[PDB]
Amino acid sequence: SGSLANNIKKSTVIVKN
Amino acid sequence: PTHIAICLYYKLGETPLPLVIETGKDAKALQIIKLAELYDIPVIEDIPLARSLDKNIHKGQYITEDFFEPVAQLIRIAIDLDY
């Protein structure tokens, strides 16, 4: 558990619709 | 509005190209957006780009050639210059 959050924490930019 | 969120990561010496490290639809998209605010990750709304990334570039995959410049433009806006 926590992989989602750890990936978001380190990421550069999020693209959404 | 099927909601979609695509999480891009690019780090020199690690990442030879920008990487899609997480994706979400529907409730998972909403969660990703909430996590993005919690961690101060820039979020850009671009509906054609998001839809195209969602279809083409799966979690754990590098972006492909059609996306190189659109993603570069997002990176230039989103990069934290660290000062």
# chains A, B, ... in the order shown; residues from 1 in each chain; ligands from 1
>>> closest_atom_pairs(of="chain B", to="chain A", cutoff="9 Å", atoms="only C-alpha atoms", output="CSV")
residue,atom,partner,partner_atom,distance
B:1,CA,A:17,CA,7.6
B:2,CA,A:17,CA,8.5
B:3,CA,A:17,CA,6.3
B:4,CA,A:16,CA,5.6
B:5,CA,A:16,CA,4.5
B:6,CA,A:15,CA,5.1
B:7,CA,A:14,CA,4.5
B:8,CA,A:13,CA,5.5
B:9,CA,A:11,CA,4.7
B:10,CA,A:12,CA,6.4
B:11,CA,A:12,CA,8.5
B:21,CA,A:7,CA,6.7
B:22,CA,A:7,CA,6.9
B:29,CA,A:16,CA,8.3
B:32,CA,A:8,CA,7.2
B:33,CA,A:14,CA,8.1
B:35,CA,A:8,CA,6.6
B:36,CA,A:8,CA,6.3
B:38,CA,A:9,CA,8.5
B:39,CA,A:9,CA,5.5
B:40,CA,A:9,CA,8.2
B:41,CA,A:13,CA,6.1
B:42,CA,A:13,CA,5.1
B:43,CA,A:14,CA,4.7
B:44,CA,A:15,CA,5.0
B:45,CA,A:16,CA,4.8
B:46,CA,A:17,CA,5.7
B:47,CA,A:17,CA,4.2
B:48,CA,A:17,CA,7.6
B:49,CA,A:15,CA,7.6
B:50,CA,A:16,CA,5.5
B:51,CA,A:17,CA,7.1
B:53,CA,A:15,CA,8.8
B:74,CA,A:13,CA,7.1
B:75,CA,A:13,CA,6.9
B:77,CA,A:13,CA,8.9
B:78,CA,A:13,CA,6.0
B:79,CA,A:12,CA,6.8
B:80,CA,A:12,CA,8.5
>>> select_by_dssp(residues="chain A", states="helix (DSSP H, G or I)", output="list in words")
residues 3, 4, 5, 6, 7, 8, 9 and 10 of chain A
>>> write_last_selection(atoms="C-alpha atoms", output="mmCIF file, in the first residue's frame")
data_model
loop_
_atom_site.group_PDB
_atom_site.id
_atom_site.type_symbol
_atom_site.label_atom_id
_atom_site.label_comp_id
_atom_site.auth_asym_id
_atom_site.auth_seq_id
_atom_site.Cartn_x
_atom_site.Cartn_y
_atom_site.Cartn_z
ATOM 1 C CA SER A 3 2.616 3.011 -4.224
ATOM 2 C CA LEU A 4 -0.115 5.253 -5.763
ATOM 3 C CA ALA A 5 0.698 8.073 -3.412
ATOM 4 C CA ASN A 6 4.416 7.707 -3.700
ATOM 5 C CA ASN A 7 4.144 7.808 -7.551
ATOM 6 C CA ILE A 8 2.024 10.988 -7.394
ATOM 7 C CA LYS A 9 4.432 12.594 -4.918
ATOM 8 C CA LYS A 10 7.393 12.232 -7.277
#
>>> atom_distance(atom1="atom CA of residue B:72", atom2="atom CA of residue B:20")
13.4 Å
>>> atom_distance(atom1="atom CA of residue B:37", atom2="atom CA of residue B:25")
17.3 Å
>>> atom_distance(atom1="atom CA of residue B:58", atom2="atom CA of residue B:23")
7.5 Å
>>> select_by_dssp(residues="chain A", states="strand (DSSP E or B)", output="list in words")
residues 13, 14, 15 and 16 of chain A
